[PDB]
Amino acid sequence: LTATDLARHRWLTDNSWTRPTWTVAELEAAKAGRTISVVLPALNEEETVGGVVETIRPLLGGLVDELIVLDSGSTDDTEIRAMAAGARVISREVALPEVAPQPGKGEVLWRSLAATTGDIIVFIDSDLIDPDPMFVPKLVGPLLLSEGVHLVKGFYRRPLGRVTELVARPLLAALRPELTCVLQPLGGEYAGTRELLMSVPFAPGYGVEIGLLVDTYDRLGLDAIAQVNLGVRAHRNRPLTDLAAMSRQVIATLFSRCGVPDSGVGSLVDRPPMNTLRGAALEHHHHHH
């Protein structure tokens, strides 16, 4: 047993839930004045965005205080379908007028920090085929009930992806081995506190998830990170060209957080902490005494 194994074992005991079965009523009662914003990033998801919004809508006015689709420049019917399904639709330009947009998912999530007011922000992908209504309660459970948790990663069980298992987890094993305890570090369903999310830079495009995970870990360690089982979902097939581009950006973002230079050979920049434009900051763990 290695030091990584030992930490993983205890981290799973304290910070991982295979059955995150908190009730909505219990979570509402735990808010204690805190508010919850749910953000769906969306670029051309007309076939699925309404279905995702529809699974979250029953929580509006209770557990969830706002439900926003942050549109990324869609040209299909994404925006109007999200409206009819009951979401608030905000463009990248309206979310943060003073900064010109650049492409990619990371830009959308970063801008959503300026468009939301919740003390807890939940991100859910708008391309999900089978969203489940309990996603949001499961993701916010540890933030509302567990001392010291600032980031919650939702993972799926598989029926009994390649970038995660060949790129992200092996690179974390090399560079930040304690983080190999996180089952799906690239997953798009996760939640965080405003205090954390406003204080960290946002990586562009496909790098935003891994960047947030390492930035959280480097400031607060394993104690601040939790994970919850959202249910059983089969892997979807993505073209190898897409996976290679995702891998290249995961590498670039991991390298930038871990002190490894990157050629830039494949143009998008990291965005600074939103508290430089709209933001009490997050207290890091002390490295001195």
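Each residue number is its position in the shown sequence, starting from 1. Each form is matched to the other, and the largest set of C-alpha atoms that superpose within 1.5 Å is called the rigid core.
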For this session: On a core superposition, give the stretch, 20 to 28 or 5 to 13, with the larger average C-alpha separation from this form in 9 other deposited structures of this protein (RMS over structures and residues).
Result: 5 to 13
Exercise. Out of the other entries of this protein with residues modelled on both sides, is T276 skipped in at least a third?
Worked result: no
Exercise. Between us, would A168 come up missing in a third or more of the other compared entries?
Worked result: no
Exercise. Which class describes the count of deposited residues lacking coordinates between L160 and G161: none, 1 to 3, 4 to 9, or 10 or more?
Worked result: 10 or more
Exercise. How much of the deposited sequence is absent from the coordinates between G279 and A280: none, 1 to 3, 4 to 9, or 10 or more residues?
Worked result: 1 to 3
Exercise. If you average the CA temperature factors over each stretch, which comes out higher, 129 to 137 or 116 to 124?
Worked result: 129 to 137
Seminar exercise, completed: Between 81 to 89 and 98 to 106, the record assigns the higher mean Cα B factor to 98 to 106
Seminar exercise, completed: Highest CA B factor of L230, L43, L240, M246, as deposited, is found at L240
Exercise. Should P201 be placed in the lowest, middle or highest third of its chain by the C-alpha B factor in the entry?
Worked result: middle
For this session: For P185, return the chain-relative third of its C-alpha B-factor as stated in the PDB record: lowest, middle or highest.
Result: lowest
Seminar exercise, completed: By the entry's values, the third containing the CA B factor of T193 is the lowest
Problem set entry | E209, C-alpha B-factor rank within chain (lowest, middle or highest third) | lowest
Seminar exercise, completed: Temperature factor at the Cα of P177, chain-ranked in thirds, falls in the lowest
